[PDB]
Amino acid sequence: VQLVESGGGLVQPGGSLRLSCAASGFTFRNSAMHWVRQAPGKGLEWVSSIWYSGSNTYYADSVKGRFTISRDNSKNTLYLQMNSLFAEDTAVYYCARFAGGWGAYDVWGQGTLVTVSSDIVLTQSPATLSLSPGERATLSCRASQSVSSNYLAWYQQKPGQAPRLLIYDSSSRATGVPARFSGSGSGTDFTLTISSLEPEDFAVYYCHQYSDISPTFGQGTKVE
């Protein structure tokens, strides 16, 4: 009584994969067959299901219109067609027989690793500053590699609005940006200061580098 799984590997975003399990030692035709995945360092989560070539296929929402479950009863094989793969699809995939009141998932595949992957990293600290108006705000943005030409820029976002430009070229202020907003740093230690805080200033602040053709963003520090 066993399921032999096959497939997986490294792909680039937007690629395709197929998985498979062949069942040995039980009645594939009456079993329900499910798929279940575990992201690295995480727990288990269900992907898709199919019954007795019923067919009556069921899919988790994350994978809808991208993934496709199918079975070949004559070949005792379950499949999972995986299209337009996203980084978020990275995980160990298992096939499992569903026994219901008679075993739950009693037969498991061993697991195959499906990894999706393809650069300057911006790291803001802290994630959160609780300050009061008038107080100073000092946001760090540290780069994994030196930002040439000091092509680093800060934006501000207020909920439901587009982002607003603040500093560009490290320390150059934008069209209509108050002087309490200061940008400084060079190379990889950039730092935005708000010398005293205004009530409107309470928002999320992102940093941005355009020193290459792959533009990147920090995660935002939030100010409260």
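Heads up: residue numbers just count along the shown sequence, starting at 1.
In this entry, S118 and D119 are separated by 4 to 9 residues of the deposited sequence that lack coordinates. Higher mean CA B-factor, judged across 6 to 14 and 21 to 29 from the recorded values: 21 to 29. As the entry records it, the average C-alpha temperature factor is higher for 49 to 57, out of 49 to 57 and 179 to 187. The PDB entry assigns its highest CA temperature factor, among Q110, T77, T128, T123, to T123. Annotation for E88: C-alpha temperature factor in the highest third relative to the rest of the modelled chain, per the entry. In the PDB entry, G134 places in the lowest third of its chain by CA B-factor. Split the chain's modelled residues into thirds by C-alpha temperature factor. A162 is in the highest one. Among the modelled residues of its chain, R37 has a C-alpha B-factor that falls in the lowest third, as given in the PDB entry. Sort the chain's modelled residues by C-alpha temperature factor and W102 lands in the highest third, per the entry.
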